[PDB]
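**Q** Sharing a structure here in structure tokens format.
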Amino acid sequence: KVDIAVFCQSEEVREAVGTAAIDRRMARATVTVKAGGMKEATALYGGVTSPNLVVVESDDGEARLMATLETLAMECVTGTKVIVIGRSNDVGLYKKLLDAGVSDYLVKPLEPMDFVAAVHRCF
């Protein structure tokens, strides 16, 4: 069973992610939703081993998003996949993230099927 950890602030993300977790296509995964974002994820994975997939909700600028992702990738155990949930719908940003090792980028508003799709895409 795949372990998934979701760090989100928005209720709309939390709801979409929650609806996606109870879906039949998400049977081979255990999703855990935690409050916060990058800071909370980085702080926790500094002491605790990261799960198979870490989903993080971030509204940060390109320069900051890249820097916070470098720091999170340092704490995560090799094999850990990262998905970023953001507000920006930019192809250039999506490309920069995918060249950095992010498995997928999800643009808000998040549909529960977008999250099921993104998880399957990763694996």
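Chain labels follow the order of the structure tokens: the first chain is A, the next B, and so on; residue numbering restarts at 1 in every chain, and ligands are counted from 1 in their shown order.
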Could you give me, as a list in words, each residue of chain A that DSSP assigns to strand (DSSP E) when run on this structure's backbone?

**A** residues 2, 3, 4, 5, 6, 7, 8, 29, 30, 31, 32, 33, 34, 35, 53, 54, 55, 56, 57, 81, 82, 83, 84, 85, 86, 104, 105, 106 and 107 of chain A

**Q** Apply DSSP to the backbone of this structure and, from segment 6-91 of chain A, keep only the residues in alpha helix (DSSP H); write these as number ranges by chain.

**A** A: 11-21, 38-45, 62-75, 91

**Q** Report the distance between atom CA of residue 110 of chain A and atom CA of residue 72 of chain A in Å, rounded to one decimal place.

**A** 22.9 Å

**Q** Near residue 81 of chain A, within 10 Å and counting only C-alpha atoms, which residues show up once chain neighbours fewer than 6 positions away are dropped, as a short mmCIF file (atom, residue, chain, number, x, y, z; two decimals) with N, CA and C atoms, in the first residue's frame?

**A**
```cif
data_model
loop_
_atom_site.label_atom_id
_atom_site.label_comp_id
_atom_site.auth_asym_id
_atom_site.auth_seq_id
_atom_site.Cartn_x
_atom_site.Cartn_y
_atom_site.Cartn_z
N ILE A 4 0.64 8.28 1.30
CA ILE A 4 0.49 9.64 0.78
C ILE A 4 0.24 10.60 1.94
N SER A 50 10.12 10.20 5.17
CA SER A 50 9.05 10.63 4.26
C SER A 50 8.28 9.44 3.68
N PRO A 51 6.96 9.59 3.39
CA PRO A 51 6.23 8.48 2.76
C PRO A 51 6.54 8.39 1.24
N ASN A 52 5.82 7.53 0.50
CA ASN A 52 6.02 7.31 -0.94
C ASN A 52 5.73 8.54 -1.78
N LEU A 53 4.78 9.35 -1.33
CA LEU A 53 4.35 10.57 -1.99
C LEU A 53 3.98 11.64 -0.97
N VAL A 54 4.53 12.85 -1.19
CA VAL A 54 4.33 14.06 -0.39
C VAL A 54 3.67 15.10 -1.32
N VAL A 55 2.42 15.46 -1.01
CA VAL A 55 1.65 16.46 -1.74
C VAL A 55 1.65 17.75 -0.90
N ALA A 73 13.56 18.13 -0.56
CA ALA A 73 14.17 17.01 -1.25
C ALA A 73 15.37 16.45 -0.47
N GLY A 101 12.61 17.65 -10.62
CA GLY A 101 12.26 16.38 -10.00
C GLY A 101 10.88 16.26 -9.38
N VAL A 102 10.03 17.31 -9.51
CA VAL A 102 8.63 17.28 -9.03
C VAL A 102 7.89 16.39 -10.01
N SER A 103 7.10 15.44 -9.49
CA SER A 103 6.36 14.48 -10.29
C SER A 103 5.18 15.10 -11.04
N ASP A 104 4.52 16.07 -10.42
CA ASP A 104 3.39 16.75 -11.04
C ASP A 104 3.09 18.06 -10.35
N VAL A 119 -1.85 11.13 -9.03
CA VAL A 119 -1.32 10.05 -8.20
C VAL A 119 -0.98 8.87 -9.10
N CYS A 122 2.13 9.57 -11.32
CA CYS A 122 3.35 9.40 -10.51
C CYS A 122 3.88 8.00 -10.55
N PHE A 123 2.97 7.01 -10.39
CA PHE A 123 3.32 5.59 -10.34
C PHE A 123 2.80 4.87 -11.59
#
```

**Q** Would you list the contacts of residue 67 of chain A as a PyMOL selection string, taking every protein, DNA or RNA residue within 12 Å and counting only C-alpha atoms, but skipping same-chain residues closer than 3 positions in sequence?

**A** chain A and resi 38-39+42+60-64+70-74+97+100

**Q** Pick the closest to residue 9 of chain A from A:85, A:77, A:106, A:31: which is it, counting only C-alpha atoms?

**A**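 The shortest atom-to-atom distance to residue 9 of chain A comes from A:85.
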
**Q** What's the 7 Å shell around residue 116 of chain A, counting only C-alpha atoms, without same-chain residues fewer than 3 positions away, as an MDAnalysis selection string?

**A** chainID A and resid 20 26 112:113 119:120

**Q** Excluding same-chain residues fewer than 2 positions from residue 86 of chain A, what lies within 6 Å of it counting only C-alpha atoms, as a list in words?

**A**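 The contact residues come out as residues 58, 59, 88, 107 and 108 of chain A.
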
**Q** Between atom CA of residue 14 of chain A and atom CA of residue 28 of chain A, what is the distance in Å, rounded to a tenth?

**A**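 Between atom CA of residue 14 of chain A and atom CA of residue 28 of chain A the gap works out to 19.7 Å.
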
**Q** Of the residues A:5, A:84, A:21, A:13, which is the one nearest to residue 45 of chain A, using only C-alpha atoms?

**A**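 Answer, going by the shortest atom-to-atom distance: A:5.
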
**Q** Determine the nearest neighbour of residue 11 of chain A from the options A:47, A:87, A:27, A:57, counting only C-alpha atoms.

**A**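 Selected residue with least distance to residue 11 of chain A: A:57.
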